[PDB]
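Single-structure report; data block below.
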Amino acid sequence: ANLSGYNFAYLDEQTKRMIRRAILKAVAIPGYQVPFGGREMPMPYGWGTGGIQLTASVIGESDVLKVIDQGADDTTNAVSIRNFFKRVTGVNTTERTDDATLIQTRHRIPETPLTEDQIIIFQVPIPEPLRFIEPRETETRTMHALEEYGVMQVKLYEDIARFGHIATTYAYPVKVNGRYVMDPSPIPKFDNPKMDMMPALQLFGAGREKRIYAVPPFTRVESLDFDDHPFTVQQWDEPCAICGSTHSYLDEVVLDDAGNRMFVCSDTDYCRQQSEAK
Amino acid sequence: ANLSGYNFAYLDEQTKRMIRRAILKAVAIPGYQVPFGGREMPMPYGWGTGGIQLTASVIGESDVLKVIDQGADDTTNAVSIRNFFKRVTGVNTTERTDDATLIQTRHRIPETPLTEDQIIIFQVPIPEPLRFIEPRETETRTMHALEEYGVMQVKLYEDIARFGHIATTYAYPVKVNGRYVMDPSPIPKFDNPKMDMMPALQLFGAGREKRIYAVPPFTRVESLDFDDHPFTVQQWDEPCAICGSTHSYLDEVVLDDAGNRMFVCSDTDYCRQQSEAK
Amino acid sequence: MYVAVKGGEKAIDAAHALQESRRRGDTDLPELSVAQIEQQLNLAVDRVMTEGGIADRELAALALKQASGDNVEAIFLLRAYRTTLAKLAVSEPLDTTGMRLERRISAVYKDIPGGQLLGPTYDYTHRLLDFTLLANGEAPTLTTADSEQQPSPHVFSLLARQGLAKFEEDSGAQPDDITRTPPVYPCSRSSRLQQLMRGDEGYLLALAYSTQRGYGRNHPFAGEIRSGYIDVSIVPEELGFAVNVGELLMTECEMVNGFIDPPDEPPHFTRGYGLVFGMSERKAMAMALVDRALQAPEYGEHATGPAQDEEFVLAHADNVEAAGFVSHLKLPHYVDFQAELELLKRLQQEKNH
Amino acid sequence: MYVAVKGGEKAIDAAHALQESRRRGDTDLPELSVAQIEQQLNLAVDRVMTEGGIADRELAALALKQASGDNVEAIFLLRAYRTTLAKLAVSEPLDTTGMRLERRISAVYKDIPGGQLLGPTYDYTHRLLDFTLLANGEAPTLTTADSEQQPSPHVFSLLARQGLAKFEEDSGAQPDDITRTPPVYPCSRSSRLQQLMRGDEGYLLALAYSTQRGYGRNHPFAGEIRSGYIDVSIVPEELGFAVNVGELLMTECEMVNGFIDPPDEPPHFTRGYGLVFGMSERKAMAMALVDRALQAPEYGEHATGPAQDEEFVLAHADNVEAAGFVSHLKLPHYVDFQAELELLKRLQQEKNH
Amino acid sequence: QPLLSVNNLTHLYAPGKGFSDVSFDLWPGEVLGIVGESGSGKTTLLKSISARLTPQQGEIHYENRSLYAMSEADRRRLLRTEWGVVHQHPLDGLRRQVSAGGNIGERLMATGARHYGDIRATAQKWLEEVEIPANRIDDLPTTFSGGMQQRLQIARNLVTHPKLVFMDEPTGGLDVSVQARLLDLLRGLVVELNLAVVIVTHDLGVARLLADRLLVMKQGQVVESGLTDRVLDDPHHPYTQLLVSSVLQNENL
Amino acid sequence: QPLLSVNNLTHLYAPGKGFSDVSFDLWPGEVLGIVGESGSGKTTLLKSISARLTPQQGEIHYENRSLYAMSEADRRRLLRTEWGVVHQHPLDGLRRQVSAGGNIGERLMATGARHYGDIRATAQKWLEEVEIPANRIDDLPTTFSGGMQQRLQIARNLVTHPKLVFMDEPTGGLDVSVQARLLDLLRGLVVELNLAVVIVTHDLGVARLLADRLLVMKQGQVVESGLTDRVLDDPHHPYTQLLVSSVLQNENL
Ligand SMILES: Nc1ncnc2c1ncn2[C@@H]1O[C@H](COP(=O)(O)OP(=O)(O)O)[C@@H](O)[C@H]1O
Ligand SMILES: Nc1ncnc2c1ncn2[C@@H]1O[C@H](COP(=O)(O)OP(=O)(O)O)[C@@H](O)[C@H]1O
Ligand SMILES: O=P(O)(O)OC[C@H]1O[C@@H]2OP(=O)(O)O[C@@H]2[C@@H]1O
Ligand SMILES: O=P(O)(O)OC[C@H]1O[C@@H]2OP(=O)(O)O[C@@H]2[C@@H]1O
Ligand SMILES: [Mg+2]
Ligand SMILES: [Mg+2]
Ligand SMILES: [Zn+2]
Ligand SMILES: [Zn+2]
Ligand SMILES: [Zn+2]
Ligand SMILES: [Zn+2]
């Protein structure tokens with residue numbers, strides 16, 4: 001339970017309510033960056049404050065919280081955030097995706113498909129998919145308002161002309177509900193397909209940049225691409241060195257100074273499930 | 001004498017010699033900003049470090065040092081600099097212009113005409129007269145090299161077109177030896193005439209900006225102006241409230257909250273001389 | 001074969017223990033007290049209060065102690081602590097004319113009503129390292145003058161009465177609160193000043209310095225700098241009349257800027273404003289300079305420096321955000337970097353084909 | 001009639017005495033020791049050493065004590081003290097591969113040879129004000145692991161061996177020394193790095209942050225951050241062979257930056273470098289980010305942010321210069337302001353004619 | 001019904017700078033040339049009727065919809081997919097840091113094109129249409145000559161086959177041969193695709209060969225209008241007579 | 001002896017971009033026309049011969065002094081007081097934040113003028129010379145139309161009565177009436193003051209009425225040169241024939 005001297009989930013009720021109104025607006029306007037009066041957390045800005053605030057505003061006593069970073073529950077920041085939530089809520093926690101009611105993640109969508117009533121909360125550094133093309137909010141806001149997305153299409157076409165490929169490899173922009181160009185957070189392109197027509201509700205929090213957006217269940221999410229340069233996901237020549245999976249995003253572990261390396265699933269829960277199956 | 005544990009004049013001999021070579025080059029190239037490897041002083045950058053370094057590199061045991069700020073010897077920074085020099089050199093000091101062999105000043109040239117063998121050392125924040133027109137050194141250096149002074153003339157003409165007068169009132173640019181446009185330090189326009197064909201050597205130090213320049217004795221110094229908008233000096237409707245002088249730069253002393261004020265000479269030594277004459 | 005193991009929690013705990021031990025340092029030395037930091041490192045405390053958002057000297061000193069003197073970490077600690085507290089009141093507007101002066105200076109006139117009161121300052125000191133501080137010493141026995149505080153009207157009031165400057169009038173506009181609503185560019189001057197007060201001291205100092213060097217010049221003169229105690233009053237709903245809850249040590253800076261010649265009024269000086277907790281002044285001066293720079297849209301000024309670029313200045317001013325996001329690169333980024341590596345390897349293979 | 005009187009010297013002396021008394025604070029509290037500041041406020045000391053130019057922890061702590069915790073004033077004190085000392089030697093180039101590691105992390109790979117060594121860090125702490133520090137406490141009894149330091153090759157070496165990055169080669173070029181010759185823009189990378197190491201932490205942090213937000217993006221990943229003890233060696237003329245004069249605690253940051261595709265070589269990651277005294281890292285990270293940003297002319301990059309504007313960044317980076325020039329406005333400016341006033345009064349009279 | 005209808009349109013920066021009380025219609029497959037004194041308000045009018053400058057008075061109706069009563073989103077959608085705008089300064093209509101191929105392909109992708117190869121092929125074909133070598137596709141416009149930039153802008157604004165193109169002095173910086181190529185291209189587009197054009201020009205030969213009607217502008221006022229040949233050969237207003245008399249006469253050998 | 005002498009001048013950004021092996025003379029009181037295909041190297045050549053682009057090969061002699069063997073200071077002094085340069089884009093030859101009066105008066109003050117009233121009067125007189133109202137003197141060029149900016153640039157570069165003026169398409173953005181005014185002004189300056197002009201133009205009428213000789217440039221090479229009338233009426237090179245045939249013929253009523 002909550003026995004730390006702080007309000008449940010550490011946010012005062014006013015902040016929770018403001019964030020909840022923001023969440024509802026975001027759901028009603030898929031892909032649109034809803035500004036919200038976010039607060040400074042015990043974690044520094046840029047270390048997951050937006051996801052922390054979203055989880056604190058949605059989480060209840062019966063929720064089973066899963067926190068992952070780089071697809072792993074044992075990552076330093078995942079451990080920190082999960083311990084904070086255990087302190088200020090007392091909720092049950094799990095590393096198993098299929099048992100989680102709330103999944104707060106940084107840069108991965110779990111390999112295990114999500115299910116109805118699950119909520120996955122993404123930590124987002126840059127909520128504006130046009131930011132690296134247009135650094136100014138004064139311009140990107142108008143571009144989203146008027147659906148003026150040409151600079152993005154020009155960026156993609158110039159990337160193809162220069163390198164023969166789209167240069168963006170993670171946070172790959174996606175069109176949501178046929179209207180809004182949205183940043184999917186720093187997930188690798190491997191995970192973007194999972195966002196399309198998913199039974200779980202997706203929430204996205206950028207605490208430093210003060211934005212919340214959402215993709216409701218069963219919403220179209222299509223990565224920007226070309227017919228002759230179709231969206232392609234990361235591939236590796238090796239399977240997971242532990243579970244042998246060929247269908248998972250792999251992380252490269254450098255073993256020695258002589259160039260010896262191995263590749264292992266970024267999704268440690270999926271890796272454990274695969275290893276137990278065999 | 002010097003009994004403080006520091007080298008005479010606080011600078012090591014290498015720094016004095018480098019500054020002395022810079023001074024000689026500046027003299028040979030009137031108006032040209034000579035870069036020099038200036039050092040951090042006990043006074044913050046922007047509080048007279050360049051003048052301090054120049055005086056330390058030129059001063060000797062038999063010199064009679066006069067230090068003034070706003071024309072007054074008793075000004076806070078003047079007292080500080082003079083006390084520092086008394087500590088690290090032990091030289092005789094004076095408030096009388098005609099008895100000084102070295103005069104270090106901030107924003108005034110004394111009303112008392114200077115004489116042969118006197119050196120007046122100006123503290124300069126911005127040694128580049130084109131800086132407020134062109135903030136970049138990469139451009140102003142070339143403009144001085146190629147004698148490309150049009151932006152300054154355009155600034156003056158645009159000032160006349162806008163306000164009917166040249167907007168600059170202190171640090172008024174001057175052409176030196178018919179060639180170099182030079183910043184005279186933030187002395188008022190009132191003092192610029194005194195620089196023309198003066199028997200004393202004028203040195204200018206910008207420690208923060210790392211420049212030294214010079215006007216040798218008996219060198220032409222002409223303020224940039226127009227025939228129909230000739231160089232005009234500051235004027236006041238009142239004489240000095242103390243000595244009654246009408247020929248001195250006046251400072252405005254606010255006496256009460258009801259708008260009562262008086263005007264008194266900025267040159268306190270000149271004011272004392274005038275008051276003693278009457 | 002390789003098996004995953006749990007190392008995150010214990011490594012984190014060990015790292016935090018190491019940091020706490022380093023903070024304590026040599027146990028032969030007595031542990032620093034928060035009172036000592038508050039009293040003897042008071043300028044660091046001033047900065048931590050101003051940028052953390054809470055004017056509580058003890059809390060700022062506590063944050064500094066906890067942060068091992070890291071001003072950025074202490075500022076973040078105080079700022080985060082702010083989130084846990086309830087807003088019990090909103091003060092009546094401060095009235096700096098009622099300040100009990102520790103220091104009052106003006107660069108624009110040699111002497112002014114109320115005089116040049118240097119107060120406690122390092123100005124005009126010779127910055128020579130004082131090695132006598134390596135051992136205990138005796139503080140100077142202060143000399144004393146008359147105890148009366150002479151009337152010290154604001155210099156800008158004397159400027160405005162002459163018509164040289166414009167009085168800052170209050171139309172009753174409701175201030176914007178960037179702590180409750182995220183900033184919307186272009187921001188009102190109230191929002192800009194709130195953000196500047198919370199901004200990084202070094203960043204704003206560098207911006208103001210660039211303005212002094214021609215990158216968006218505003219021709220500034222230090223019209224007045226005051227440092228002293230100002231009373232804080234509230235109007236509680238319980239009682240319905242104003243109550244004085246105490247006083248705060250604050251520094252206020254009013255800068256004269258470049259005059260303007262508007263079409264239908266006499267030409268007059270522009271102005272900038274800075275306000276900070278404590279005695280440290282340069283933050284207030286830089287705040288006034290950058291406030292004037294960001295006033296460019298009001299005056300139709302053609303920007304010549306980044307200090308006039310509102311979004312660039314304000315979006316990167318808060319060192320909580322900037323330090324957090326720069327430090328976040330320390331976080332594991334190997335998924336992303338693997339996505340980058342895959343692309344780069346394919347590009348190299350294609351080029352070498 | 002009015003007669004001038006002498007007030008400057010006595011007012012200055014009184015002001016300095018007031019500042020010294022404020023620095024001492026309440027005499028009931030024991031006076032802070034420089035050793036205490038060195039040990040327990042070690043991150044402030046790290047910043048003061050890095051920006052003051054002298055890696056002497058005791059001197060930095062002394063400056064902090066003398067500056068009442070004002071990091072800017074302490075930095076200036078140390079920098080000024082540098083001028084009074086003779087250069088007895090020039091070190092042989094540092095070899096960071098020989099560092100005795102207190103901390104070593106890499107964001108680009110989950111695990112690396114030598115491991116992720118978090119060391120003493122505030123990273124992953126919950127920034128909740130620790131009120132137990134208001135009273136004396138007991139530092140944690142540190143747990144212990146194996147004492148051997150595993151081989152920790154630089155991550156960039158592993159990148160370059162794969163061809164993903166370019167080794168930083170030494171052609172024997174003589175470094176520029178901005179302490180002996182004023183900078184000449186455009187500056188060499190050696191001069192730029194020397195200036196960045198001396199630069200204001202907050203200014204450079206804000207610039208790096210702006211680069212992360214699209215104002216001159218460089219796609220950075222924290223390839224490696226190390227903090228530890230590195231030996232310093234010299235070659236005295238008396239003996240003619242190298243002697244180890246001791247070791248310094250230093251932090252080194254290597255950033256992997258956005259890859260490039262040069263016309264006649266495989267595409268590869270760019271890189272940035274940061275190096276500071278002590279444990280404080282964010283200065284090193286910001287230094288690497290801004291170093292990469294200022295590498296734009298080498299890579300023919302079209303500037304999209306002020307962080308890429310070499311003169312704007314470097315000319316205003318040194319907080320000694322910036323703080324000094326911003327503070328100088330406190331100096332009397334009444335002669336210049338009188339000139340300004342005369343012009344403005346004439347303009348008003350002419351307009352009102 | 002007119003494709004574009006302008007009634008009592010006015011926009012004045014000051015008393016005489018801009019245009020005042022301008023009315024005209026335009027239909028598909030028609031060219032409205034605009035000629036007159038430099039500084040007469042032609043560029044201002046072209047901006048106003050192209051949804052780039054809100055008029056102080058009057059109304060603009062496009063397909064029977066008031067132009068400035070629409071949402072900003074609708075106006076930008078028109079300017080992206082429906083309209084073409086050729087600026088007096090070519091770089092104002094180009095992306096400086098985007099290749100010529102990208103400058104052309106932005107418009108195609110705005111119309112739903114999503115095949116990179118087809119977009120590039122169309123861009124090369126249109127570069128050859130305006131006599132820009134197809135091997136300049138990946139070069140930035142900053143490396144182009146003034147006339148090359150002008151032709152790139154024209155190709156960019158014609159690639160989507162818009163229903164209405166506003167052009168400000170499109171022949172500026174063009175040699176007579178490539179000018180003739182451009183005139184033939186525009187005439188063919190107008191006759192075949194029913195394209196409508198509003199062209200500001202100072203070359204009365206281009207106006208005569210291209211414009212179906214003319215507007216003569218002096219000091220912000222349309223002083224004469226009607227059939228192009230009638231205006232040029234039978235001018236009634238003194239300024240139009242002066243303008244036609246100032247034409248540089250040529251001789252036949 | 002020729003005022004300007006160009007021998008084997010070459011500057012190529014790439015194999016075909018720019019100009020190669022260009023030689024010609026110019027004397028006082030003469031006008032060298034430069035015509036040719038857009039992108040043929042005319043602006044590049046004009047920059048090179050006007051001390052703005054160092055050639056890779058060849059020599060330029062001004063009054064028997066090698067142009068690029070001189071110091072940079074001497075070249076800038078020539079461009080300040082001796083020469084005039086009219087850019088293809090007018091704003092490139094103007095100070096955006098400086099009024100028209102200041103833009104003109106900069107050149108006068110560069111020649112030693114130091115009377116504000118006389119400078120302003122001369123600026124107004126030259127504004128009226130190019131048919132810009134004298135009440136626009138204090139307006140910034142950003143508020144000027146393209147043709148107004150062009151004429152301001154011309155006035156700025158002619159006010160000092162230079163011995164040599166390089167012009168890149170100076171008639172761009174000008175109506176035919178003000179174009180005729182400008183042609184008369186330039187012809188008068190050339191005949192009276194012995195001004196020499198190198199004018200790049202795409203209007204063959206202006207070249208015929210103004211240029212004494214012509215150079216025809218194709219792909220960076222002078223393919224034909226000689227007396228203007230001979231080149232235009234008796235072209236030998238195929239490209240020159242194509243160019244003259246592309247001229248828009250007019251009719252006399
Ligand atoms: N931004 C502006 N501010 C003030 N006046 C302007 C502005 N833009 C154009 N003008 C003036 O409006 C008039 C019309 O300009 P324009 O329509 O560009 O002429 P043109 O028909 O030659 O293109 C000109 O006299 C010009 O000086
Ligand atoms: N900076 C540059 N880089 C590369 N090519 C250029 C550059 N500037 C011009 N060019 C090329 O050189 C050729 C000559 O250009 P220019 O002399 O401007 O032609 P014009 O005769 O039409 O003025 C053109 O084909 C152009 O694309
Ligand atoms: O602004 P916040 O506090 O909500 O942090 C959001 C994200 O910003 C950082 O960048 P990242 O994507 O690498 O991961 C970090 C973090 O998850
Ligand atoms: O750079 P430094 O240290 O040599 O200081 C030169 C000048 O810079 C400041 O500006 P100021 O003219 O008001 O007076 C001060 C000082 O005299
Ligand atoms: Mg026009
Ligand atoms: Mg050209
Ligand atoms: Zn696996
Ligand atoms: Zn007097
Ligand atoms: Zn990140
Ligand atoms: Zn000053």
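By convention here, the chains of the structure tokens are called A, B, ... in the order presented, each chain's residues are numbered starting at 1, and ligands are numbered starting at 1 in the order presented.
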>> If the cut-off is 9 Å, can you tell me the residues of chain E near chain F, counting only C-alpha atoms? I'd like them as a ChimeraX atom specification.
In response: /E:35-41,43,88-89,144-148,169,172-180,201-206,209,233,242-253
Just to be explicit: take each residue in the selection above, keep N, CA and C atoms, and write the result as a short mmCIF file (atom, residue, chain, number, x, y, z; two decimals), in the first residue's frame.
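Done, and the output landed in out_18.cif:
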```cif
data_model
loop_
_atom_site.label_atom_id
_atom_site.label_comp_id
_atom_site.auth_asym_id
_atom_site.auth_seq_id
_atom_site.Cartn_x
_atom_site.Cartn_y
_atom_site.Cartn_z
N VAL E 35 -0.50 44.10 -66.65
CA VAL E 35 0.61 44.94 -67.04
C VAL E 35 0.43 46.29 -66.38
N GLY E 36 1.51 47.04 -66.29
CA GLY E 36 1.44 48.38 -65.75
C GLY E 36 2.78 48.82 -65.19
N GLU E 37 2.76 50.00 -64.58
CA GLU E 37 3.97 50.62 -64.08
C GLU E 37 4.57 49.81 -62.94
N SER E 38 5.90 49.74 -62.91
CA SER E 38 6.58 49.15 -61.77
C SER E 38 6.16 49.89 -60.50
N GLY E 39 5.71 49.14 -59.51
CA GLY E 39 5.18 49.72 -58.30
C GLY E 39 3.73 50.13 -58.36
N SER E 40 2.95 49.58 -59.29
CA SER E 40 1.55 49.95 -59.45
C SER E 40 0.61 49.10 -58.60
N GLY E 41 1.10 48.05 -57.95
CA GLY E 41 0.28 47.18 -57.14
C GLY E 41 0.01 45.82 -57.73
N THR E 43 1.99 42.98 -57.92
CA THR E 43 2.36 41.89 -57.02
C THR E 43 1.44 41.85 -55.81
N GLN E 88 7.79 36.61 -58.00
CA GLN E 88 8.65 37.50 -58.77
C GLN E 88 10.12 37.16 -58.55
N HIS E 89 10.51 36.91 -57.30
CA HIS E 89 11.84 36.41 -57.00
C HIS E 89 11.80 34.89 -56.92
N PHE E 144 21.84 27.26 -58.92
CA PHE E 144 21.19 27.56 -60.19
C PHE E 144 21.33 29.04 -60.51
N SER E 145 21.34 29.34 -61.81
CA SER E 145 21.25 30.72 -62.26
C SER E 145 19.84 31.25 -62.01
N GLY E 146 19.70 32.57 -62.13
CA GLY E 146 18.40 33.19 -61.90
C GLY E 146 17.32 32.62 -62.79
N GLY E 147 17.61 32.49 -64.08
CA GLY E 147 16.64 31.92 -65.00
C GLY E 147 16.36 30.46 -64.71
N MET E 148 17.40 29.71 -64.32
CA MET E 148 17.20 28.32 -63.94
C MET E 148 16.29 28.21 -62.72
N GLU E 169 5.70 37.99 -63.28
CA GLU E 169 6.80 38.18 -64.21
C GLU E 169 7.57 36.87 -64.43
N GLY E 172 11.05 36.67 -66.37
CA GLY E 172 12.24 37.31 -65.86
C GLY E 172 13.42 36.36 -65.78
N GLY E 173 14.55 36.78 -66.33
CA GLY E 173 15.75 35.98 -66.31
C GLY E 173 15.81 34.89 -67.35
N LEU E 174 14.87 34.86 -68.29
CA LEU E 174 14.81 33.82 -69.31
C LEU E 174 15.26 34.37 -70.66
N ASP E 175 16.09 33.61 -71.35
CA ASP E 175 16.44 33.94 -72.72
C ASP E 175 15.23 33.74 -73.63
N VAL E 176 15.28 34.37 -74.80
CA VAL E 176 14.11 34.39 -75.67
C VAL E 176 13.73 32.99 -76.13
N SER E 177 14.71 32.11 -76.34
CA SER E 177 14.40 30.76 -76.79
C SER E 177 13.66 29.97 -75.71
N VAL E 178 14.19 29.96 -74.49
CA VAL E 178 13.51 29.27 -73.40
C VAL E 178 12.22 29.99 -73.04
N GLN E 179 12.18 31.31 -73.23
CA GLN E 179 10.93 32.03 -73.05
C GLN E 179 9.86 31.52 -74.01
N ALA E 180 10.23 31.29 -75.27
CA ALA E 180 9.27 30.76 -76.23
C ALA E 180 8.84 29.35 -75.85
N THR E 201 3.18 40.72 -66.19
CA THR E 201 4.32 40.78 -67.09
C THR E 201 4.59 42.22 -67.49
N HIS E 202 5.86 42.50 -67.77
CA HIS E 202 6.29 43.75 -68.37
C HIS E 202 6.65 43.59 -69.84
N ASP E 203 6.68 42.36 -70.34
CA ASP E 203 6.94 42.08 -71.75
C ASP E 203 5.59 42.04 -72.45
N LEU E 204 5.27 43.10 -73.18
CA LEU E 204 3.99 43.17 -73.87
C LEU E 204 3.87 42.14 -74.98
N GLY E 205 4.99 41.65 -75.50
CA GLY E 205 4.93 40.55 -76.46
C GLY E 205 4.39 39.28 -75.84
N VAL E 206 4.87 38.94 -74.64
CA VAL E 206 4.34 37.77 -73.93
C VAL E 206 2.86 37.95 -73.62
N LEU E 209 0.90 37.43 -76.88
CA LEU E 209 0.87 36.05 -77.34
C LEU E 209 0.16 35.11 -76.37
N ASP E 233 -3.46 47.53 -79.15
CA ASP E 233 -3.53 48.17 -80.46
C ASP E 233 -4.45 49.38 -80.48
N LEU E 242 1.10 55.49 -73.59
CA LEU E 242 2.51 55.69 -73.30
C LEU E 242 3.24 54.35 -73.20
N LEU E 243 2.62 53.38 -72.53
CA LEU E 243 3.24 52.07 -72.36
C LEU E 243 3.49 51.40 -73.70
N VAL E 244 2.47 51.37 -74.56
CA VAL E 244 2.62 50.71 -75.85
C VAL E 244 3.63 51.46 -76.72
N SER E 245 3.66 52.79 -76.62
CA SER E 245 4.63 53.56 -77.39
C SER E 245 6.06 53.32 -76.92
N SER E 246 6.24 52.92 -75.66
CA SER E 246 7.57 52.66 -75.13
C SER E 246 8.13 51.30 -75.54
N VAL E 247 7.34 50.48 -76.23
CA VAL E 247 7.82 49.17 -76.65
C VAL E 247 8.98 49.35 -77.63
N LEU E 248 9.98 48.49 -77.49
CA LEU E 248 11.15 48.52 -78.37
C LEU E 248 10.79 47.85 -79.69
N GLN E 249 10.70 48.65 -80.75
CA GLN E 249 10.30 48.13 -82.05
C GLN E 249 11.42 47.31 -82.67
N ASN E 250 11.05 46.25 -83.37
CA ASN E 250 11.97 45.38 -84.09
C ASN E 250 11.74 45.52 -85.59
N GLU E 251 12.67 44.98 -86.36
CA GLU E 251 12.64 45.07 -87.82
C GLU E 251 12.78 43.68 -88.42
N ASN E 252 12.19 43.51 -89.60
CA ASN E 252 12.24 42.26 -90.34
C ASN E 252 13.18 42.43 -91.53
N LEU E 253 14.12 41.51 -91.68
CA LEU E 253 15.10 41.58 -92.76
C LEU E 253 14.62 40.80 -93.98
#
```
So which residues of region 228-311 of chain C fall under alpha helix (DSSP H) by DSSP, listed as a short mmCIF file (atom, residue, chain, number, x, y, z; two decimals) with N, CA, C and O atoms, in the first residue's frame?
```cif
data_model
loop_
_atom_site.label_atom_id
_atom_site.label_comp_id
_atom_site.auth_asym_id
_atom_site.auth_seq_id
_atom_site.Cartn_x
_atom_site.Cartn_y
_atom_site.Cartn_z
N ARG C 282 23.93 39.67 -10.22
CA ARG C 282 24.17 39.54 -11.65
C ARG C 282 23.04 38.79 -12.34
O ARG C 282 22.77 39.03 -13.52
N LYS C 283 22.36 37.89 -11.63
CA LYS C 283 21.17 37.26 -12.20
C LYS C 283 20.09 38.31 -12.48
O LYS C 283 19.46 38.28 -13.53
N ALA C 284 19.88 39.24 -11.55
CA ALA C 284 18.89 40.29 -11.76
C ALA C 284 19.26 41.17 -12.94
O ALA C 284 18.41 41.52 -13.76
N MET C 285 20.54 41.54 -13.04
CA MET C 285 21.00 42.38 -14.14
C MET C 285 20.80 41.67 -15.48
O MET C 285 20.28 42.25 -16.44
N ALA C 286 21.22 40.41 -15.56
CA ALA C 286 21.06 39.65 -16.79
C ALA C 286 19.59 39.47 -17.13
O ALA C 286 19.21 39.50 -18.31
N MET C 287 18.75 39.26 -16.12
CA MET C 287 17.32 39.12 -16.34
C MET C 287 16.75 40.39 -16.94
O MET C 287 15.96 40.33 -17.89
N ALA C 288 17.14 41.55 -16.42
CA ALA C 288 16.67 42.82 -16.98
C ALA C 288 17.14 42.99 -18.42
O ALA C 288 16.38 43.42 -19.29
N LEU C 289 18.41 42.66 -18.68
CA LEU C 289 18.95 42.84 -20.03
C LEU C 289 18.22 41.95 -21.03
O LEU C 289 17.81 42.41 -22.11
N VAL C 290 18.02 40.68 -20.69
CA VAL C 290 17.33 39.76 -21.58
C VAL C 290 15.84 40.09 -21.68
O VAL C 290 15.23 39.88 -22.73
N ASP C 291 15.24 40.60 -20.61
CA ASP C 291 13.85 41.05 -20.69
C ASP C 291 13.71 42.18 -21.70
O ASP C 291 12.81 42.17 -22.54
N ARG C 292 14.63 43.14 -21.66
CA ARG C 292 14.62 44.20 -22.67
C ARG C 292 14.82 43.62 -24.06
O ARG C 292 14.16 44.04 -25.02
N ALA C 293 15.74 42.66 -24.20
CA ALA C 293 15.98 42.06 -25.51
C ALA C 293 14.72 41.39 -26.05
O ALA C 293 14.40 41.52 -27.23
N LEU C 294 14.00 40.67 -25.19
CA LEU C 294 12.77 40.00 -25.58
C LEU C 294 11.59 40.95 -25.72
O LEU C 294 10.53 40.53 -26.18
N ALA C 296 11.56 43.05 -27.91
CA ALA C 296 11.69 43.51 -29.30
C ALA C 296 10.36 43.55 -30.04
O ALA C 296 10.10 44.56 -30.72
N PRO C 297 9.49 42.54 -29.97
CA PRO C 297 8.23 42.62 -30.72
C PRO C 297 7.39 43.83 -30.34
O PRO C 297 6.73 44.41 -31.21
N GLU C 298 7.41 44.23 -29.07
CA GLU C 298 6.65 45.40 -28.65
C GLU C 298 7.14 46.66 -29.35
O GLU C 298 6.35 47.54 -29.69
N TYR C 299 8.45 46.77 -29.56
CA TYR C 299 9.06 47.97 -30.12
C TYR C 299 9.36 47.84 -31.61
O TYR C 299 9.99 48.73 -32.19
N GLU C 310 12.88 34.84 -28.93
CA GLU C 310 12.14 34.48 -27.73
C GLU C 310 12.14 32.98 -27.49
O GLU C 310 12.47 32.52 -26.39
N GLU C 311 11.76 32.19 -28.49
CA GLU C 311 11.66 30.76 -28.28
C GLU C 311 13.02 30.15 -27.97
O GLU C 311 13.14 29.33 -27.05
#
```
